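Enquirer: Right, I'll just put the structure down here and ask away after.
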Amino acid sequence: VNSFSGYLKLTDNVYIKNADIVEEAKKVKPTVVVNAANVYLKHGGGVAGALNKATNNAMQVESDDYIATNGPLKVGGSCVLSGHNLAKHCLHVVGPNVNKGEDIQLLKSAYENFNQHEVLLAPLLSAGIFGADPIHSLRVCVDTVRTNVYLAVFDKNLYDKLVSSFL
Ligand SMILES: c1cc(-c2ncc[nH]2)ccn1
């Protein structure tokens, strides 16, 4: 049993809910929240800006030190950093940004990072301001992630379309 409430079950391991991922994390304090990161961990807007704002910029301060030591992530890669006031840990995952011309085949690699964690609260990778088709992102999630993932879809309209169209 876990703390996640009000999710629709899509598969054995994937659950979905209409919610702002920032609002959720504060209530549940999950072991892992996933950030929709970029390779520079520059959390300016979208999921990353909203998560970072909720940490009072502490996520950005920690991220800048990480990049100064380790250099940029890979597209499709990830790192584990603090969850600050939102979660125990934040898994920063880089999905391909279609609005930068990145290979959408990298979306599966991105979701493979989730399999290193037994339970996660996450957004749909490469969705929102990353520009991918969220219906596609949900299909790759279901076909790639084997661990227990609780997805948050910010747009009520999009949430209803994701559920209604789910095979
Ligand atoms: C994009 C933005 C957000 C967000 N939460 C609060 C303000 N903006 C959440 C998910 N995707």
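Enquirer: Roughly how far apart, in whole Å, are the Cα centres of the range 110-167 and the range 8-37?
Expert: Measuring centre to centre over Cα atoms gives 10 Å.
Enquirer: Restricting to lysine pairs 8 or more places apart or on different chains, what number in the range 1-82 have Cα atoms under 20 Å apart?
Expert: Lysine pairs, 8 or more places apart or on different chains, close enough: 10.
Enquirer: Please sort through the DSSP H helices of the chain and keep those with an alpha-carbon extent of at least 30 Å along the long axis and a Kyte-Doolittle average not below -1.0.
Expert: Working: long enough: none.
The qualifying helices: there are none.
Enquirer: With a cut-off of 8 Å between alpha carbons and a minimum separation of six or more residues, what is the relative contact order of the chain in percent? Can you show the working numbers first?
Expert: Numbers: 318 pairs, mean separation 48.3, N = 167.
Relative contact order of the chain: 29 percent.
Enquirer: So how much slack lies between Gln116 and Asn57, counting 0.36 nm per residue of separation and subtracting their Cα-Cα distance, in nm? Please list the in-between numbers first.
Expert: Details: separation 59, 0.36 × 59 = 21.24 nm, distance 2.65 nm.
Using 0.36 nm per residue and subtracting the Cα-Cα distance, I get 18.6 nm.
Enquirer: Take every DSSP beta bridge whose two residues both sit in the chain, then give the antiparallel share in percent to the nearest 5. Display every interim value, and only then the final one.
Expert: Numbers: 7 of 23 bridges.
Taking every DSSP beta bridge with both residues in the chain, the antiparallel ones total about 30 percent.
Enquirer: Can you work out the Karplus-derived ³J(HN,Hα) for every residue in the range 5-15? Use 6.51 cos²θ - 1.76 cosθ + 1.60 with θ = phi - 60°, whole Hz, and x for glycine or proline.
Expert: For the range 5-15, the Karplus-derived couplings read 10, x, 7, 8, 7, 9, 9, 3, 10, 10, 10 Hz, x marking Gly and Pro.
Enquirer: Find the Cα radius of gyration of the chain, compare it with 2.2 N^0.38 Å by division, and give the number to two decimals.
Expert: After normalising by residue count via 2.2 N^0.38 Å, the value is 0.94.
Enquirer: With n ≥ 4 as the cut-off for DSSP H runs, can you work out [θ] at 222 nm for the chain, using -39500 (n - 2.57) per run divided by the number of residues, rounded to the nearest 500?
Expert: Details: 6 runs with 57 residues, N = 167.
My calculation for the chain gives -10000 deg cm²/dmol from helical runs alone.
Each reported figure results from applying straightforward, stated rules to the coordinates on display, with no laboratory input.
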